[PDB]
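Participant: The following block contains the structure, expressed as C-alpha cells.
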Amino acid sequence: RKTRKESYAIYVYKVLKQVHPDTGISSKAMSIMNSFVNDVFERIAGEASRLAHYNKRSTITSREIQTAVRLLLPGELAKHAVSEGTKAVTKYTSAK
Amino acid sequence: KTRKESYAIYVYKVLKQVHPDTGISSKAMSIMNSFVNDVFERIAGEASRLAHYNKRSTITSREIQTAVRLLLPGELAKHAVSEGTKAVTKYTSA
Amino acid sequence: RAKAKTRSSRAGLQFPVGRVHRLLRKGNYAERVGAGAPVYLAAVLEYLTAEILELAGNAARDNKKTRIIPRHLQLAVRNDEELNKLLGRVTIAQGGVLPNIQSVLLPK
Amino acid sequence: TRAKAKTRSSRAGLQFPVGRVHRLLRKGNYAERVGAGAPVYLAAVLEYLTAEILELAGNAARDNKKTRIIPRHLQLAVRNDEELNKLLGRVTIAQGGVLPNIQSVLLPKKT
Amino acid sequence: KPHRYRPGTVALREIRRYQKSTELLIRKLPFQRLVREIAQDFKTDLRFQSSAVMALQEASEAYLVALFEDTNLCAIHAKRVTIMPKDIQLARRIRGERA
Amino acid sequence: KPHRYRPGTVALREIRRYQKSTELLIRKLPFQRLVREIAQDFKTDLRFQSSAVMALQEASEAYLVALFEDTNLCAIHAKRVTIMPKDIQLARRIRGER
Amino acid sequence: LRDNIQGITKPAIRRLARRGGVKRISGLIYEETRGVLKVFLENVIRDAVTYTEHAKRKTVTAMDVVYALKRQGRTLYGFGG
Amino acid sequence: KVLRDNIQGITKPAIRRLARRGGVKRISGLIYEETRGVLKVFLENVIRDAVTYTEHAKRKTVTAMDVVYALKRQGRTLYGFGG
Ligand SMILES: [Cl-]
Ligand SMILES: [Cl-]
Ligand SMILES: [Cl-]
Numbered sequence: 001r002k003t004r005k006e007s008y009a010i011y012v013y014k015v016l017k018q019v020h021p022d023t024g025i026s027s028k029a030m031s032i033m034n035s036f037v038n039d040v041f042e043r044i045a046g047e048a049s050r051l052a053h054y055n056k057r058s059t060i061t062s063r064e065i066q067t068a069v070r071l072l073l074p075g076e077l078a079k080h081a082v083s084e085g086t087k088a089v090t091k092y093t094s095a096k
Numbered sequence: 001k002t003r004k005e006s007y008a009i010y011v012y013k014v015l016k017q018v019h020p021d022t023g024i025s026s027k028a029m030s031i032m033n034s035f036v037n038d039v040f041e042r043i044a045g046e047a048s049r050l051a052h053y054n055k056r057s058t059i060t061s062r063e064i065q066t067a068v069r070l071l072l073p074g075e076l077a078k079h080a081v082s083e084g085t086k087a088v089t090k091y092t093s094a
Numbered sequence: 001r002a003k004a005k006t007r008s009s010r011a012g013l014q015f016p017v018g019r020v021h022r023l024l025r026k027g028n029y030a031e032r033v034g035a036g037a038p039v040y041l042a043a044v045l046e047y048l049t050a051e052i053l054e055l056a057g058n059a060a061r062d063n064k065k066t067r068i069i070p071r072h073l074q075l076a077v078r079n080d081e082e083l084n085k086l087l088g089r090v091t092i093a094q095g096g097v098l099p100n101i102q103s104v105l106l107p108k
Numbered sequence: 001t002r003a004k005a006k007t008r009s010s011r012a013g014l015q016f017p018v019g020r021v022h023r024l025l026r027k028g029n030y031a032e033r034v035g036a037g038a039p040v041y042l043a044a045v046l047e048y049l050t051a052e053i054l055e056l057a058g059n060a061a062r063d064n065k066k067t068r069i070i071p072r073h074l075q076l077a078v079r080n081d082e083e084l085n086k087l088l089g090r091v092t093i094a095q096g097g098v099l100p101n102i103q104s105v106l107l108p109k110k111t
Numbered sequence: 001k002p003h004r005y006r007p008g009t010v011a012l013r014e015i016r017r018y019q020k021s022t023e024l025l026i027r028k029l030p031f032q033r034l035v036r037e038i039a040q041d042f043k044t045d046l047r048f049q050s051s052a053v054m055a056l057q058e059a060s061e062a063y064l065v066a067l068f069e070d071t072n073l074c075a076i077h078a079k080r081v082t083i084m085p086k087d088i089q090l091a092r093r094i095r096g097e098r099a
Numbered sequence: 001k002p003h004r005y006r007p008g009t010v011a012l013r014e015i016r017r018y019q020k021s022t023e024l025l026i027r028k029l030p031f032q033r034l035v036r037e038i039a040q041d042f043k044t045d046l047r048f049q050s051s052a053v054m055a056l057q058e059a060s061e062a063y064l065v066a067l068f069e070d071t072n073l074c075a076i077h078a079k080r081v082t083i084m085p086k087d088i089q090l091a092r093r094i095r096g097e098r
Numbered sequence: 001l002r003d004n005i006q007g008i009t010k011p012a013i014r015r016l017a018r019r020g021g022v023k024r025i026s027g028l029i030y031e032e033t034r035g036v037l038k039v040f041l042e043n044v045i046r047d048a049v050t051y052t053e054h055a056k057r058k059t060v061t062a063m064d065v066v067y068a069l070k071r072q073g074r075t076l077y078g079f080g081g
Numbered sequence: 001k002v003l004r005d006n007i008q009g010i011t012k013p014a015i016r017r018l019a020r021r022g023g024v025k026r027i028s029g030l031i032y033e034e035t036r037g038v039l040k041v042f043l044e045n046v047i048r049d050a051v052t053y054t055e056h057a058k059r060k061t062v063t064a065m066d067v068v069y070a071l072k073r074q075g076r077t078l079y080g081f082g083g
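Residue numbers (this note's numbering), protein chains in the order written: chain A, 1 to 96; chain B, 1 to 94; chain C, 1 to 108; chain D, 1 to 111; chain E, 1 to 99; chain F, 1 to 98; chain G, 1 to 81; chain H, 1 to 83.
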C-alpha cells in the first residue's frame with residue numbers, strides 16, 4: 001500500500017490563506033478547485049501545444065503560454081493574467 | 001518552394017474507386033483535405049487522451065479503435081471498426 | 001534486396017500509412033506509436049472518405065453533374081443523419097444549407 | 001553541490017509549484033522542448049485564477065455568514081461574475097445548483 | 001376555516017426553495033436503477049463506483065435544470081407561463097441536440 | 001394596373017431561390033471594410049490575405065444563416081411568421097452566446 | 001427491468017423544473033423529460049462504458065464519467081479530474 | 001484613415017438574402033440593426049482570435065490559416081482553406 005495521487009490541495013489552501021486568512025474550505029470545494037486547476041492547466045497547455053504545432057515549433061516558452069492565456073481568458077481577465085504572469089517571469093529571470 | 005503536403009491524390013484515388021466517371025473540383029478537394037486533416041486530428045487527439053488516461057505511452061490499434069468508437073456516431077463507428085479490424089488483419093497477415 | 005511493398009498496399013488500403021505514421025510521431029500525441037495504429041487509422045479515414053465521396057457522387061448524379069462541387073459535399077453530409085451528427089458544428093464553405101422550407105410558412 | 005535549495009516557486013515569487021507544472025508539461029506530451037518561463041508563467045496564471053475565484057468564494061461565504069467555502073459558494077462566485085461565467089459556461093460544478101434567478105413575468109403583479 | 005393558497009404563490013415559493021437548495025432532487029436508488037438499466041444494453045454485468053453514479057446524477061440534474069431554464073425561456077417567449085413539449089423541442093433544437 | 005403578386009408567393013420564391021444558390025450574399029468589399037474596421041481596434045496597419053477575408057465571409061454568412069434558422073424556429077414557435085429581436089435574443093440565449 | 005425510467009418521478013421532475021425556475025408544468029412534460037434524460041444518459045453511459053472497455057475493467061469509475069462528460073463538452077468538477 | 005461606419009455596409013437586402021437562405025418568410029424592421037450587432041460581435045470574437053494568432057506568428061498579415069484556426073478553436077470548423 002504505497003500510492004500517492006498528486007493534487008493542488010495544499011497550494012489552493014495556501015493561496016486561500018493568502019487571500020482570506022480566516023476562511024476555510026471543505027474537501028468537496030477543494031476537489032472542485034483541484035479539478036478547475038487541472039482543467040485550466042490542460043486547456044492552456046493544449047492551446048500552447050496547438051500553437052507550437054501551428055508555427056512549426058517544438059519549444060513551448062512563456063510567449064506560447066502567454067498567447068494561450070490571451071486566447072482562453074475573456075478580455076480583462078486575460079489582461080490581468082498576462083500582467084501577473086509577465087511580472088512573475090520578470091521576478092524569476094532576475095532573482096537570486 | 002517548400003512542398004505543402006496534401007491528401008489530394010488519395011482522395012482522387014478513393015473517388016475513382018467509388019465513382020470511376022465522376023470528377024471533383026479543387027475547392028471540393030480542399031474541403032475533403034480539410035475534413036481528412038480535421039478527423040485525423042480528432043482521432044489522434046482522443047487517442048492521445050486515451051493513452052494519457054490509462055498511464056500509457058504507446059498508441060496501438062486499440063487506442064485508435066476506442067477513439068473511433070467515441071467520435072463516430074453509431075453505425076459509422078461500427079462500420080469503421082469493421083473496416084479497420086479488416087485492414088489490420090490484412091496488414092498483420094501479409 | 002527486396003521489393004519495396006508499401007504498407008498501404010500491404011494493409012490493402014489506399015491512404016498512406018507512412019504519412020499517417022509520421023504525423024502521429026511528429027504530432028506530439030505519445031512517446032511510442034505502433035503500426036496497427038496508423039494502419040487502422042488510414043483504414044478509418046479511407047472508409048469515411050469513401051462514404052462521403054460516394055454520397056457526393058450520388059448528389060452530383062442527382063444534379064446531373066460529373067464534377068463534385070462544394071454544394072455536393074454539403075448535400076452529402078447534411079442529408080445523411082450520422083454525417084450530420086459528425087459535422088454538426090462544422091461549416092463547409094461554398095455549400096449553403098439544405099433546401100428546407102417549414103410547413104406553416106407555405107400558403108394554404 | 002553546496003547551495004540553499006531555493007525553489008522556483010519562491011524564486012518567481014509564486015505559490016503554485018513550478019516543478020510539478022514543468023513535469024506535467026513534460027509528461028503531458030505537448031511539445032519536445034519545454035522552457036522555464038513557460039511553467040513559471042503558467043503557475044502565475046493558475047495562481048491568479050485560483051486567487052480570484054477563492055477570493056469571490058470567500059466573499060460569498062462572508063455574505064452567507066460562513067467561514068468555510070462550500071461548493072455553493074464556488075458556484076455563486078463563478079456564476080455571479082461575468083468573465084468567470086464566460087470561462088465556465090460549459091462547465092458543471094457539482095453540489096452547486098444554479099443562481100437564484102426568477103423571471104419578471106412569473107412574479108405576481110404586486111402593484 | 002381551512003386555509004388555501006393561490007397556485008402562483010406556492011409555485012414561486014417552491015421555485016425559491018429549490019433555487020436556494022443544493023441537494024440532489026432525483027432520488028439516489030431509482031436513478032441508480034435507471035443507470036444500470038441503460039448500461040445493461042451496452043455490456044452485461046457492469047459495476048459502478050458510488051461516486052460514478054453520484055457524478056452521473058450531478059450532471060444529469062444540472063443538465064435538466066439548464067434544460068428547464070431554456071424551456072421556461074421558450075414558454076415566456078411564447079406568451080405562456082406553462083412549459084410544453086413544444087418548448088423542450090425548441091430548446092433542444094436551438095442547442096443542436098436533435099439527433 | 002400591371003400584375004402584382006401576393007407577399008407570401010415572392011417571399012417563398014426567394015426562400016427557394018437562395019436556399020438553392022451557393023454564392024456569398026453579403027458583398028465582398030463592404031464586408032472587407034467592416035473586417036478592417038473591427039481589426040483597427042486591435043492593431044494598426046493590419047494586412048489581410050484575400051482568402052482570409054473570403055473565409056471570414058463564408059463563416060459569417062453561414063453563422064448568420066444558422067442564426068436566422070433558429071430565429072425562424074423561435075418565430076414559428078411564438079405562433080408568428082415574423083422574426084423579431086425577441087426571437088434573435090432567445091436564439092442566442094439558448095445557444096449560450098449571451 | 002422496464003419501469004426504471006418511471007423511477008424518475010413526477011415530483012422529482014417537478015423539483016428539477018422548480019430549480020430551473022418553471023412556474024407551471026403541463027402534464028405532457030414528464031414523459032418527454034424522461035425521454036430526454038434517457039437519451040442524455042444513453043450518450044453519457046455509452047461513452048463511459050466505452051472508456052471502461054478500453055481500460056479492460058469491469059467497473060465504471062467516476063473518472064470515466066468525468067472523461068465522458070468532458071468529451072461531450074459538459075465538464076464536471078468535484079469527482080477527481 | 002481611420003475606418004468608421006462600416007457596419008452599415010451590411011446592407012438591408014444582404015440581411016434579407018441571408019434571411020431567405022435561413023428560410024425566413026417575413027422580416028421586421030429592427031432585425032437589420034440587431035443582425036448588424038450580432039454579426040459585429042461575432043466578427044469581434046473571430047477577428048480578435050485571428051489577430052492574436054497573427055501576433056504570436058510574428059507577422060502583420062492575417063492569413064486564412066489564422067482565421068481557420070480561430071473558427072476551429074471556437075467550435076465552428078471551417079473547411080476549404082486548410083486545417
Ligand atoms: Cl499496434
Ligand atoms: Cl521562456
Ligand atoms: Cl406540445
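Don't be surprised by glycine CBs; every beta carbon is placed ideally from N, CA and C.
How would you write the range of the alpha helix (DSSP H) that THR85 (chain B) sits in, first residue to last?
Facilitator: 75–92
Participant: Between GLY45 (chain B) and ligand 2, is there a pair consisting of the residue's CB and a ligand heavy atom that are separated by less than 7 Å?
Facilitator: It does not: the Cβ of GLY45 (chain B) is nowhere closer than 7 Å to a heavy atom of ligand 2.
Participant: Ligand 1 and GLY36 (chain C): does the residue's C-beta get closer than 7 Å to at least one heavy atom of that ligand?
Facilitator: yes
Participant: Is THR61 (chain A) near ligand 2, going by C-beta to nearest heavy atom under 7 Å?
Facilitator: At least one heavy atom of ligand 2 is nearer than 7 Å to the Cβ of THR61 (chain A), so yes.
Participant: Rounded to whole angstroms, how far is the Cβ of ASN6 (chain H) from the Cβ of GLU37 (chain F), which I believe are closer than 8 Å?
Facilitator: 4 Å
Participant: Buried or exposed for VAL105 (chain D), please, with buried defined as at least 16 other CB atoms from any protein chain shown within 10 angstroms of its CB.
Facilitator: exposed
Participant: What did DSSP end up calling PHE48 (chain E) once you bin it into helix, strand or coil?
Facilitator: In the three-state reduction of the DSSP assignment, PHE48 (chain E) falls in the strand class.
Participant: Can you tell me whether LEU42 (chain D) is buried or exposed, with buried defined as 16 or more other CB within 10 angstroms of its CB?
Facilitator: The residue in question, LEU42 (chain D), is buried, as its Cβ has 16 or more Cβ neighbours within 10 Å.
Participant: Starting from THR54 (chain H), follow the alpha helix (DSSP H) in both directions and report where the run begins and ends.
Facilitator: 31–56
Participant: How would the residue list near ligand 3 read, in chain order, if you kept each one whose beta-carbon is closer than 7 Å to any heavy atom?
Facilitator: E:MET84, E:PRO85, E:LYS86, G:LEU28
Participant: Select from the region 37–59 of chain C all residues with a C-beta closer than 7 Å to any C-beta belonging to chain H, and list them in chain order.
Facilitator: none
Participant: My understanding is that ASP39 (chain A) touches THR75 (chain G), with C-beta atoms under 8 Å, so please give their C-beta distance in whole angstroms.
Facilitator: About 6 Å separates the two Cβ atoms, so the contact holds.
Participant: Cα separation between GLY82 (chain H) and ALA76 (chain C)?
Facilitator: 20 Å
Participant: Using Cβ-Cβ distances below 9 Å, what residues of the region 70–81 of chain H are close to chain B?
Facilitator: Legend: CB atoms of the region 70–81 of chain H lying less than 9 Å from CB atoms of chain B belong to residues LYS72, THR77, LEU78, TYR79, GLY80, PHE81.
Participant: Beta-carbon within less than 7 Å of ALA91 (chain F)'s beta-carbon, same chain only, minus the 5 sequence neighbours each way: which residues are those?
Facilitator: Taken in chain order, the residues that qualify are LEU67, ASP70, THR71, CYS74.
Participant: How is the alpha helix (DSSP H) around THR9 (chain E) delimited, first residue to last?
Facilitator: 7–20
Participant: Hey, is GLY9 (chain H)'s beta-carbon within less than 8 Å of any beta-carbon in chain F?
Facilitator: Put simply, the CB of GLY9 (chain H) is near chain F, with a gap under 8 Å to one of its CB atoms.
Participant: Roughly how many whole angstroms lie between the Cα atoms of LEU98 (chain C) and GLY22 (chain H)?
Facilitator: 9 Å
Participant: Ordered along the chain, which non-local residues of its own chain (more than five positions away) have a Cβ less than 6 Å from that of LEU51 (chain A)?
Facilitator: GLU64
Participant: How about residue 105 (chain A): is its C-beta nearer than 8 Å to some C-beta of chain H?
Facilitator: Chain A is shown from 1 up to 96; residue 105 (chain A) falls before or after that span and cannot be answered.
Participant: Below 9 Å on C-beta distance, what does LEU24 (chain D) contact in chain G?
Facilitator: Residues of chain G passing the Cβ test: none, with the nearest at roughly 13 Å.
Participant: At 9 Å on the CB atoms, spell out the chain H contacts of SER26 (chain B), in chain order.
Facilitator: Correct list: empty, because the minimum Cβ distance to chain H is about 10 Å.
Participant: Is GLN49 (chain E) near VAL60 (chain G), with beta carbons less than 8 Å apart?
Facilitator: yes
Participant: Quick test of your reading: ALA81 (chain A) and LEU71 (chain A), contact by CB under 8 Å. State the CB separation rounded to the nearest angstrom.
Facilitator: Rounded, the Cβ-Cβ distance is 11 Å, inconsistent with contact.
Participant: CB-CB under 6 Å to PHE15 (chain C), same chain, minus the five flanking residues each way: which ones, in chain order?
Facilitator: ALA42, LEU45, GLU46
Participant: Output needed in chain order: residues of the region 21–33 of chain G with a Cβ under 7 Å from some Cβ in chain D.
Facilitator: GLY21, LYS23
Participant: Where do the N-terminal and C-terminal ends of the beta strand (DSSP E) with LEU78 (chain H) fall, by residue?
Facilitator: 77–79
Participant: Any C-beta of chain B within less than 7 Å: which residues of the region 40–52 of chain G qualify?
Facilitator: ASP47, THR50
Participant: Taking 8 Å as the threshold (beta carbon to beta carbon), is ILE94 (chain E) in contact with chain F?
Facilitator: At least one chain F Cβ lies under 8 Å of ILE94 (chain E).
Participant: Would you kindly work out how many angstroms separate the C-alpha atoms of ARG15 (chain G) and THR92 (chain D), rounded to a whole number?
Facilitator: Approximately 19 Å, taken between the alpha carbons.
Participant: Taking 8 Å as the cut-off, does the region 55–69 of chain D touch the region 27–42 of chain D (at least 3 CB pairs, one atom from each stretch)?
Facilitator: no
Participant: In chain B, which residues lie less than 7 Å from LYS85 (chain C) when you measure between Cβ atoms?
Facilitator: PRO73
Participant: Given that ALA57 (chain H) touches chain A, what residues does it touch there, using C-beta distances under 7 Å?
Facilitator: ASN55
Participant: Using a C-beta cutoff of 8 Å, does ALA31 (chain D) count as contacting chain A?
Facilitator: yes
Participant: I'd like the list of long-range same chain contacts for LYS38 (chain G), defined as Cβ closer than 7 Å, with 5 residues on each side in sequence excluded.
Facilitator: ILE5
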